[PDB]
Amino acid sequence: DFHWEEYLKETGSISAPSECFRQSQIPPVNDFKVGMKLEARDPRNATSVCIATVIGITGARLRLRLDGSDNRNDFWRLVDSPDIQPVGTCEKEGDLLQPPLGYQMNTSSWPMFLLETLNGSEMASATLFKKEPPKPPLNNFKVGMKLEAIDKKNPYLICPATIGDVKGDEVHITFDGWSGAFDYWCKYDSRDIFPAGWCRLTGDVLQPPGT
């Protein structure tokens, strides 16, 4: 029973227009299924592409886990993120598949494990992976503009947030009804921020404000 029209009227504010964001105005469809397999940049070792499994579906996002890792470092990725790609992309490129940082077996076991986890897997088909949206050429956010953003400290959660500062190619994100412990800076073209209405559109859940 939170609603954007009322909330903005109430707080005498406006929502960032969709054109500020590196997000599609029509959000992407998420046709992934739990259990599918893909290649993902290691969120803790960005020079590394690893095999990942879909653990959960939420909205336009995938909850992912790097195969052979513990269950403690699952990350979220939009289906149109360039950090995920279909199995075989490295091979196509001539790149290597790497073990994850969190890898739980003796390191020399890697080749066998790769063989074991890729056999009979359900691989995410290419068509499921969506066109990355274009970078707006300017930072058009203004202080006070309301938006929907991922709580970087708890990224299963998308929450109502406000632009607190705008500085060059960067914006300071604050979360309505939460302290500064949850604030953060990102680039204006970050993929962790969304225009109001995103959750409704994607079928994800928007968190209520803190208060």
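Counting begins at 1, following the sequence as shown.
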Worksheet item: Quick one: higher average CA temperature factor, 127-135 or 77-85?
Response: 127-135
Response to the item:
For 65-73 versus 173-181, entry-based mean Cα B-factors point to 65-73
Fill in: Candidate set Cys186, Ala46, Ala161, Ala40 [ranked by C-alpha B-factor, highest]
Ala46
Item to complete: Using the temperature factors in the entry, find which of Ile26, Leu147, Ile51, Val166 has the highest value at its Cα atom.
Response: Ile26
Item to complete: Would you mind ranking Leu97 by its C-alpha B-factor against the rest of the chain and naming the third, lowest, middle or highest?
Response: middle
Worksheet item: What third of its chain, lowest, middle or highest, does the C-alpha temperature factor of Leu115 fall into?
Response: lowest
